[PDB]
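Protein chains in written order, with this note's numbering: chain A, 1 to 122; chain B, 1001 to 1122.
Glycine residues also receive a C-beta, built at the ideal position from the N, C-alpha and C atoms.
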C-alpha cells in the first residue's frame, strides 16, 4: 500500500563516498550530515547514503547486498559507463555479459555496492 | 554522469517474494521471469527483484544490505505501515524510534531487506 520512491545505499566513510556518488550519478547532496547524505534525482527518484556505523538495525556489512541499476539506451552506453567508473577508481569485479534481460554489467565501489548498468533486450 | 532511477532488491524465491512486494508497495510486476521480476511505480521510479541464485556477481546473502525507504507524510503513517506489514507476515526486528532525520522504522521481510519507513522532521 505504501510506495517507496527512495532507495538507500549503506556506506562506511560519508565524505569520500558522497563525493564518489556526486560524480558517479552526476548529482549533488541536497541534504547531508556528519554520518549521512541525501540527493534527489531529476528522474523523479530519491537516493540516500546511510553510514553503516549508525544504521538501524545495526549491521557491519559492505557488499552483502543493495543493487543500483543504471539504465542506458544500449550496449555501447554500458561500456562507456564501464570505462568511466574504472578510470574514476571503482573496484570492478564482473564481466559485462549478454544476459537474458539484456547486456548487463555490475561494478563494486570502495564501499562495495552492486552497481548494475544494463541495456534491455526488447 | 549516468543516473539510476532503478533499484533492485535481491530475493531467494521469486513467486512468494514478488506477490509479497505486490501488496507491500501496492504494485503489479509489468515484467516477470522464472528467476526475476520487475515493477515500475507511478512515483516515476523503477524496482526489480533479482533472485540471488542467478545474480552476477554471484552472492548467497539475505539481509546483508539493500534498503528501501518508504516515505510518508508523518509519524502516524509510519505506525500504520508498521502494523499492516506485521499482520501481512513481515519478520520485523527494529523499534520505530525518533532519529535525527525523523521518526524512522526499518523492517525485515522473509528474504530480509531493510524496509525503512520514515517521517522526516523538517
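Check: Rounded to whole angstroms, what's the CA-CA distance from residue 79(A) to residue 1094(B)? Just pull it up for me.; Outcome: 41 angstroms
Check: Just to confirm my understanding: we take residue 1034(B), look at its own chain, exclude 5 residues before and 5 after, and list those with CB closer than 8 angstroms. What are they?; Outcome: 1014
Check: Could you tell me whether the region 76-91 of chain A touches the region 1097-1114 of chain B, using the rule of 3 or more Cβ pairs below 8 angstroms?; Outcome: no
Check: Given that residue 101(A) touches chain B, what residues does it touch there, using C-beta distances under 8 angstroms?; Outcome: 1033 and 1036
Check: How far does the beta strand (DSSP E) with residue 1120(B) in it reach, from first residue to last?; Outcome: 1114-1120
Check: Taking the C-alpha atoms as reference points, what is the distance between residue 62(A) and residue 1072(B)?; Outcome: 28 angstroms
Check: Ignore the nearest five residues each way along the sequence and tell me which others in residue 1041(B)'s own chain have a CB closer than 8 angstroms to its CB.; Outcome: 1025, 1027 and 1047
Check: Look at the alpha carbon of residue 90(A) and the alpha carbon of residue 106(A), and state the distance between them as a whole number of angstroms.; Outcome: 11 angstroms
Check: Rounded to whole angstroms, what's the CA-CA distance from residue 1115(B) to residue 1053(B)? Just pull it up for me.; Outcome: 22 angstroms
Check: Can you list, in chain order, the residues of its chain whose CB lies under 6 angstroms from that of residue 66(A), leaving out five sequence neighbours each side?; Outcome: 9 and 113
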